[PDB]
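1. here we go, the starting part of the complex in its complex frame:
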Amino acid sequence: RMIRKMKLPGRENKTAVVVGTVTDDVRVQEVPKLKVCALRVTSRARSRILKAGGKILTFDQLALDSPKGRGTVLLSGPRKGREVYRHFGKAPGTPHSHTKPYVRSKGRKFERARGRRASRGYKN
Amino acid sequence: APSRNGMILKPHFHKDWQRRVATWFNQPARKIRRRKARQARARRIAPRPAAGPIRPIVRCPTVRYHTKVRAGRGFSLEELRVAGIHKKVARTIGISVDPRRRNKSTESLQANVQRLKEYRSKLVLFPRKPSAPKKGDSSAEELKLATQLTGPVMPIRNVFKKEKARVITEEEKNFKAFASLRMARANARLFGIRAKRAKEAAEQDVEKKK
């Protein structure tokens, strides 16, 4: 995601600033050179970025490089990525509420009988 | 009463469970008891392997695990007969023997024969009478350089054959795998009824003759 957000036209030779961590993404094969500044960079993303030839700054190094933050690209990972945000919204068992319920296990006989079958009772 | 949103959780605490509570405060006091009796045993059997008799190489059942290899219970009497070791004398040189094992394949029977050869060759035997050597007995030069082997004897390690990079032929690129799976699955789900429908095609079209 930092690749495709730094490949957008125009923002070349800029430093990708993050406030969280820069995890690896094993399902990407080519890595360009990137100037990056984050709080953490996992020990398998330091490898890829440095073998590519990019720099990995810190927030103090960034504050010395560009105090006013000129030449940067603020980013932030997906916030609704957490599995928590799938139970939020309209409660389940409600017309057009694709919200995930809290169930011990998922299977044939765990909340599949009445409020889901048009046969047994109804469905929403 | 249930709250707004949560699980329907069933706690299995409707029996007098406080009576039958098992606490593990003696877990460190039994790890030392086991380790102590494990070195009293590794001192009672002085040069014999500390882990005990050698165990065979054994595939596992249950397609979940039928690609790993394991250490069985004993060497089947077939593998002992092939290796030439009497089933009642094997147990006295630290070879494990269980009679219950069969041997349907051969690639494993020869693996366990090669295993017995690799053990009956590393075996340092001490003479029954100390002050007098015997015929089938390692010479006195070994016995002084005979130590107690720690850990399992001839440990079993899952290996994988390294296959080098080939070049793909036009018979390999021609192979539609998914169609072959859906076809073999159909030709197996339908084999019985096809054979019966053809027994009927052959039981009717004969009546026309007589």
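-> Structure's in. What do you need? Numbers count the residues shown, from 1 in each chain, chains lettered A, B, ... in the order given.
2. from what I see, residue B:127 and residue B:136 are in contact.
-> No - using Cβ atoms under 8 Å, residue B:127 makes no contact with residue B:136, being 9.4 Å away. Just so you know, the C-beta spots here come from the backbone N, C-alpha and C atoms, and that holds for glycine as well.
3. so for the two, which sits in the more crowded spot?
-> Between residue B:127 and residue B:136, residue B:127 has the larger neighbour count (other Cβ atoms under 10 Å in any protein chain shown), namely 16 against 6.
4. what residues are up against the more buried one?
-> Residues in contact with residue B:127 (Cβ atoms under 8 Å, 6 or more residues apart in numbering or on different chains) are B:133, B:134, B:137.
5. whichever residue of chain A sits closest to chain B: neighbouring residues, count only.
-> Closest to chain B within chain A is residue A:102: 4.5 Å, counting by Cβ to the nearest Cβ. Close neighbours of residue A:102, defined as other Cβ under 10 Å, add up to 12.
6. ok, now residue A:4?
-> Residue A:4, neighbours per other Cβ under 10 Å, totals 8.
7. quick one: contacts of the helix or strand containing residue B:203?
-> Element membership for residue B:203 (DSSP states H and E) is helix B:191-207. Contact with helix B:191-207 is made by no outside residue, as judged by Cβ under 8 Å, 6+ apart.
8. with just CA atoms, put that helix into PDB.
-> Coordinates of each C-alpha in helix B:191-207 appear next as PDB, following Å, rounded to 0.1, in the frame of the first residue of the first chain:
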ATOM      1  CA  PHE B 191     -19.000 -45.900 -11.700                       C
ATOM      2  CA  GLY B 192     -21.500 -48.100 -10.000                       C
ATOM      3  CA  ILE B 193     -24.600 -46.800 -11.700                       C
ATOM      4  CA  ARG B 194     -22.900 -46.800 -15.100                       C
ATOM      5  CA  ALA B 195     -22.000 -50.500 -14.700                       C
ATOM      6  CA  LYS B 196     -25.500 -51.300 -13.700                       C
ATOM      7  CA  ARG B 197     -27.100 -49.300 -16.500                       C
ATOM      8  CA  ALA B 198     -24.900 -51.300 -18.800                       C
ATOM      9  CA  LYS B 199     -25.800 -54.500 -17.200                       C
ATOM     10  CA  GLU B 200     -29.400 -53.600 -18.000                       C
ATOM     11  CA  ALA B 201     -28.500 -52.500 -21.600                       C
ATOM     12  CA  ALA B 202     -26.900 -56.000 -21.900                       C
ATOM     13  CA  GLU B 203     -29.800 -57.900 -20.100                       C
ATOM     14  CA  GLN B 204     -32.500 -56.300 -22.300                       C
ATOM     15  CA  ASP B 205     -30.800 -56.400 -25.700                       C
ATOM     16  CA  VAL B 206     -30.300 -60.200 -25.200                       C
ATOM     17  CA  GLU B 207     -34.000 -60.900 -24.700                       C
END
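9. mind adding chain C? sequence follows:
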Amino acid sequence: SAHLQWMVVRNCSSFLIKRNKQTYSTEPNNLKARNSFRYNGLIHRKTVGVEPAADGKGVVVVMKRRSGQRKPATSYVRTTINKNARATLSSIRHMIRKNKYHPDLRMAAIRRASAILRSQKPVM
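-> Chain C, in position alongside the others:
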């Protein structure tokens, strides 16, 4: 670094003393004895101390040399000034200003080297 080990010493030191809504500090070379980043006598690279001379009269001045920093034995230099009340308060002043040595501590050093002279006169 100074700000780093100050963020470790600011509350869980052994010289820190907290009672009666006040918070002083008992560091060796802390002058004004109060718990602060500026006056702490152990955190910085260059500190100043003004102790009383071991005998009756005089004031010792304890500068912390730059070269020896992880060598506590050969780190501090000490100079006993057993002079009148004014020359010693022009020698501490020169020691700090003309050397440009931690210059925000000068009036604190004079104010302490005067408390010592005052606490060494014959009582009444």
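10. the neighbour count of residue A:4 again please, this time with chain C.
-> Residue A:4, neighbours per other Cβ under 10 Å, totals 8.
11. does it count as helix, strand or coil?
-> helix (DSSP: H, G, I helix; E, B strand; the rest coil).
12. a strand runs through residue A:64, doesn't it?
-> No - applying three-state DSSP, one finds residue A:64 to be helix, outside a strand.
13. quick one: neighbours of it, just the number.
-> Residue A:64, neighbours per other Cβ under 10 Å, totals 10.
14. and what of residue A:65?
-> A count of neighbours around residue A:65, defined by other Cβ under 10 Å, yields 16.
15. just give the nearest non-adjacent residue to it, would you?
-> Nearest non-adjacent residue to residue A:65, counting by Cβ to Cβ, 6 or more residues apart in numbering or on different chains: residue A:57, 6.8 Å away.
16. hmm, residue A:41 and that neighbour touching each other?
-> No - the criterion here is Cβ under 8 Å, and residue A:57 misses it with residue A:41 at 10.1 Å.
17. what is the end-to-end distance of stretch A:40-50?
-> Using Cα to Cα, to the nearest Å, the end-to-end distance of stretch A:40-50 comes out at 14 Å.
18. what do you get for stretch C:3-19?
-> Termini of stretch C:3-19 sit 25 Å apart (Cα to Cα).
19. how about the nearest residue to residue B:10, chain neighbours excluded?
-> Closest to residue B:10 by Cβ to Cβ, 6+ apart is residue A:104, at 7.8 Å.
20. chain D should join the structure above:
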Amino acid sequence: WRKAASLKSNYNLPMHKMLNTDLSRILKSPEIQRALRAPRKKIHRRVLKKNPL
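-> So, slotting chain D in with the rest:
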């Protein structure tokens, strides 16, 4: 941080969330000092309101 632990199985010293921890030298550095507005260090306490009448 470049040579792993030999006696442990796979362990490298934890990385640093900031390298130059001396924010005194950082703050009075020409890189940052130039990119600042002049300090507004004047105290403007409440002006008593007299009566224009």
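21. now that chain D has been added, could you go back to the neighbour count of residue A:64?
-> Counted by other Cβ under 10 Å, the residues lying close to residue A:64 total 16.
22. distance of it relative to residue A:74?
-> 18 Å (Cβ to Cβ, to the nearest Å).
23. ok, the residue sitting nearest the centre point of chain B - contacts?
-> Nearest to the mean C-alpha position of chain B, by Cα atoms, centre = their mean, lies residue B:58 at 2.6 Å. Neighbour list for residue B:58: B:69, B:70, B:71, B:72, B:108 [criterion: Cβ under 8 Å, 6+ apart].
24. around chain A, pick out the residues from chain B.
-> By the rule Cβ under 8 Å from any Cβ of the partner chain, the part of chain B lying against chain A is B:5, B:6, B:7, B:8, B:9, B:10.
25. pick out the residue in chain B sitting closest to chain A.
-> residue B:7 (4.5 Å).
26. excluding residues flanking it in the chain, which one is nearest that residue?
-> Per Cβ to Cβ, 6+ apart, closest to residue B:7 is residue A:102, 4.5 Å.
27. including secondary structure, distance to chain C and neighbour count, could the contacts of residue B:58 go into a markdown table?
-> Output for the contacts of residue B:58, formatted as a markdown table (DSSP: H, G, I helix; E, B strand; the rest coil; distance: Cβ to the nearest Cβ, whole Å; neighbours: other Cβ atoms under 10 Å in any protein chain shown):
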| residue | secondary structure | distance to chain C | neighbour count |
| --- | --- | --- | --- |
| B:69 | strand | 54 | 17 |
| B:70 | strand | 53 | 13 |
| B:71 | strand | 53 | 15 |
| B:72 | coil | 58 | 19 |
| B:108 | coil | 63 | 19 |
